[PDB]
Amino acid sequence: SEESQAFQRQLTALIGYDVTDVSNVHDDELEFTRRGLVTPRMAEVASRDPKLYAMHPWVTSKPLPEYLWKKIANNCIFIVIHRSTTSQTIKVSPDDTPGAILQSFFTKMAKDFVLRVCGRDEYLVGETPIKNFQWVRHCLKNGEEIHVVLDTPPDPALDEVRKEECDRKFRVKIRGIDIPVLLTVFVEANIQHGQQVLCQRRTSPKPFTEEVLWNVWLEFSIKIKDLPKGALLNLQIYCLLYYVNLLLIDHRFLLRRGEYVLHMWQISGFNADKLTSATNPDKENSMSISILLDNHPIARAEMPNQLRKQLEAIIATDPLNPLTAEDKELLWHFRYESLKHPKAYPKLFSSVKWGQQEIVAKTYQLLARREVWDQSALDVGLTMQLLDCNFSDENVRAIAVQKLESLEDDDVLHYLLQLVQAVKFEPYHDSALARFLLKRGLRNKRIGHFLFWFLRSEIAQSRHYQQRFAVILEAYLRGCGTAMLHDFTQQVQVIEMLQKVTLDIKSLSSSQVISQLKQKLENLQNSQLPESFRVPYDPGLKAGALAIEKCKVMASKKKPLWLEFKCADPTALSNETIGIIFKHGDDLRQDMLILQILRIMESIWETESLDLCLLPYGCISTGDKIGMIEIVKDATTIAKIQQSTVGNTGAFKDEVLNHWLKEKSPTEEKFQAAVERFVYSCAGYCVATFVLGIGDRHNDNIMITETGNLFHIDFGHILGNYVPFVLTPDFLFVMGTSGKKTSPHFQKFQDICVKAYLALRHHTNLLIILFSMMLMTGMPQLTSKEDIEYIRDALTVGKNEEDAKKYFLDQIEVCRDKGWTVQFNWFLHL
Ligand SMILES: Cc1ccc(-c2ccc3ncc4c(c3n2)n(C2CCN(C(=O)[C@H](C)O)CC2)c(=O)n4C)cn1
């Protein structure tokens with residue numbers, strides 16, 4: 001068509017990369033996957049209830065926690081309804097369904113419509129108890145009234161989707177390399193499967209010059225018939241300067257034959273990029289390498305006591321404890337006993353010699369007998385581990401994905417960020433995981449909204465993986481709907497203009513500066529910007545006009561914008577603005593990863609009726625060293641609370657914070673809250689920050705609210721260029737204690753710590769796989785391997801709870817002993 005040739009022009013502005021281009025490819029895998037995805041998209045589209053998908057309730061089926069029942073008086077919750085300007089409060093039992101709340105409104109008063117939340121694009125539709133809606137649970141948690149404005153349901157029609165239509169050893173010739181500019185140099189060629197190295201050959205050292213030829217045949221000691229699907233020819237160049245990869249078996253199961261001229265990635269300064277099947281786009285600068293392939297089809301007893309226990313002691317250890325050869329042979333030989341334990345599956349499948357046809361054969365035999373796995377309750381940590389870089393076999397990976405299909409929307413959103421990062425571990429573009437994320441993001445607008453920005457973030461700052469991601473996004477967009485498709489267009493229009501203002505103001509560096517900013521913010525507020533837009537980190541909110549008066553640039557080398565917006569929705573029960581920081585220079589990708597692990601930890605604590613009161617504030621990476629950050633209301637930096645009444649000195653006073661807190665409390669009662677709120681929040685971050693190894697931080701990078709909530713910021717600043725945590729004399733002061741001593745609050749502190757710390761240890765393996773995946777996909781440079789193992793030590797694995805409660809309280813003590821040494825040390829950092 002012609003429209004459809006322009007429709008693709010919009011997608012390409014939404015995606016941020018051109019997926020029709022075919023100039024940095026060397027085969028039809030991408031078109032093949034774009035093509036392959038057409039089906040699961042239309043498949044999912046045709047299956048979503050059009051209504052429930054237009055109104056996208058945000059529900060959970062988990063149990064309403066204790067701390068929120070004990071915040072309810074008596075099976076009685078209050079929902080303040082709004083029609084016009086009339087109010088009316090009503091009684092509700094936590095078990096009252098939203099649909100039956102109208103059989104209590106068109107009947108419970110006399111002398112069609114659906115309940116929408118005031119100020120937000122959030123509804124309470126569908127057959128759920130209201131105690132189970134997230135918004136309700138958020139209003140309960142922070143002591144707030146539930147305001148709904150009854151009105152007309154959106155029209156599914158606006159969601160409508162636009163209409164569719166041999167024993168021969170393997171060998172490879174290294175013709176030679178060539179860099180358009182500069183030593184001795186040789187080529188390494190490895191056959192890899194899941195970080196496992198099947199064979200390795202080399203070249204003769206040639207003289208490092210702008211061109212180098214070899215015309216050699218490197219014969220491998222692997223039979224053609226023993227190549228497993230998903231095996232990579234991995235080509236590298238030492239003097240290690242460059243790598244590139246090529247799948248030996250292809251998306252159509254063909255042995256790869258022909259000539260290839262592959263352009264190569266440079267090292268700099270382990271991680272996920274190094275695994276990509278993508279060649280460099282930058283053909284002008286990139287060293288390349290030329291090669292040639294011509295060579296096609298593709299195809300229980302008992303146990304000694306000591307052995308069983310030796311096997312038991314293997315199954316039990318954490319995901320990072322290395323497997324010896326003796327360990328592996330033992331898992332393999334007793335594989336059938338090993339299959340009875342879902343916990344065994346990562347290590348058992350790491351015992352497989354994947355370079356051997358017949359072994360792989362038996363492994364698939366093993367997978368066919370999968371009932372104990374199939375029948376076991378979903379364990380996400382177990383499941384994440386089969387999706388990491390250690391597994392290249394499709395059938396193994398796909399049984400992990402099968403296990404994820406049972407996640408309800410709530411939990412998909414907890415792990416969405418890292419499931420999307422996990423795509424980098426997929427050997428091929430079309431996978432069960434890439435299709436799984438398609439389905440869940442086509443079924444649910446909140447998942448799909450977030451999926452858009454996660455994918456879009458990667459496309460804009462990763463050339464290693466943008467193509468694969470581009471293809472997944474396109475497939476998403478062709479199924480989200482015109483409504484959302486238009487809503488996504490509003491959003492990108494806005495954040496591209498603001499990024500522009502962001503980078504511009506940044507270069508201009510002040511007295512003058514404050515002038516320009518306000519002036520550019522005057523332009524955009526005409527007929528270039530639309531009237532409003534969903535805040536990307538909180539799809540619930542629509543931002544209207546820029547409170548120009550309130551906007552500003554900030555003191556900070558790289559100089560972020562402090563923007564504020566009016567809520568674009570009239571039914572908004574207040575006139576508080578929406579506050580966003582736009583910033584360049586920080587790797588906000590790392591911040592996303594840490595923030596989301598924080599939400600997971602909050603969630604692990606919920607399982608055990610704890611609320612450690614963290615503030616994982618919204619954060620969306622939009623490009624390389626650029627993105628936006630949600631503003632927390634009524635907050636200041638801890639430093640600043642010191643700079644207030646000691647002023648830019650370092651002469652740290654122990655009394656200031658408990659003063660500032662009383663200085664900000666409306667009463668003495670609300671003051672105690674701010675002290676209740678503080679001791680929890682302080683311990684929440686102390687534990688969480690210590691586990692991740694980002695607890696040794698600087699005074700300026702920690703904040704509090706005029707109501708007691710502590711929370712860390714800037715997590716890129718450490719994991720991004722890099723005492724146990726931070727439990728300082730000022731913090732302890734609010735906790736009643738001084739120097740060396742004790743008090744009722746401080747002990748409470750310690751009891752909340754030890755509970756929280758222990759509660760995370762219950763989920764050791766989960767945390768470890770998440771930490772481990774984070775470093776590989778999001779911490780460039782910071783891998784080493786011996787970075788990974790930190791969280792092993794941190795979570796004090798192998799130790800008893802008793803040894804555990806101990807170790808943490810001691811970690812706490814290094815906080816009393818050091819006092820100010822470090823904060824002052826960080827200050828003295830000029
Ligand atoms: C990487 C990174 C950057 C910013 C933030 C961040 C997050 C929430 C904030 N809320 C209020 C507030 C902030 C905030 N800064 N800020 C600052 C903190 C310091 N800052 C930085 O960029 C630090 C120095 O790197 C600018 C934003 C405020 O002033 N207020 C009131 C988190 N991570």
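Along the chain as shown, the residues are counted starting at 1.
Every residue gets a Cβ built from N, Cα and C, even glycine.
Among the features that Swiss-Prot reports, region 'G-loop' is placed at 553-559, with the record citing sequence analysis. The feature ATP binding site is assigned by Swiss-Prot to 579-588, 614-622, 711-719, with similarity to another entry given as support. Swiss-Prot lists 693-701 with the feature region 'Catalytic loop', giving sequence analysis as the kind of evidence. Among the features that Swiss-Prot reports, phosphothreonine is placed at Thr764, with the record citing similarity to another entry.
Minimal Cβ crowding within 10 Å, among the binding-site residues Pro616, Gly716, is found at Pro616. Calculated from their C-alpha atoms, the gap between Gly579 (ATP binding site) and the residue listed as 'phosphothreonine' amounts to 36 Å. Long-range Cβ contacts of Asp587 (ATP binding site) within its own chain (separation 6+, distance under 8 Å): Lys625, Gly716, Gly720. Of all Cβ atoms in the protein chains displayed, 18 besides its own lie within 10 Å of the Cβ of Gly579 (ATP binding site). As a summary of secondary structure, the region 'Catalytic loop' (693-701) carries 3 helix, 0 strand, 6 coil according to DSSP. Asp587 (ATP binding site) carries neither a helix nor a strand DSSP state and counts as coil. Sorting each residue of the region 'G-loop' (553-559) by its DSSP state yields 0 helix, 1 strand, 6 coil. Between the CA atoms of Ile620 (ATP binding site) and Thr764 (phosphothreonine) there is a gap of 27 Å. Taken residue by residue with DSSP, the residue listed as 'phosphothreonine' is part of a helix. Rounded to a whole number, the distance between the Cα atoms of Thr764 (phosphothreonine) and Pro616 (ATP binding site) is 21 Å. Close contacts with ligand 1, defined as a Cβ under 6 Å from any of its atoms, occur at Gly716 among the binding-site residues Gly579, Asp587, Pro616, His712, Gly716. Cα atoms of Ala299 and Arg300 lie 26 Å apart, with 15 unmodelled residues in the deposited structure between them.
According to its DSSP assignment, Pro616 (ATP binding site) is coil.
At the Cα atoms, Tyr722 lies 15 Å from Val723, with 10 residues between the two left unmodelled. Here the deposited model leaves out 14 residues, and the two residues on either side, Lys111 and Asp112, have Cα atoms 20 Å apart. The most densely surrounded of the recorded positions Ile620, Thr764 is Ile620 (count of other Cβ atoms within 10 A of its Cβ). Sequence-distant contacts of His712 (ATP binding site), defined by Cβ-Cβ distance under 8 angstroms and a gap of at least six in the same chain, are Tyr685, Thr689, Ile694, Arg697, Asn701, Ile702, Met703. The DSSP secondary structure for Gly579 (ATP binding site) is strand.
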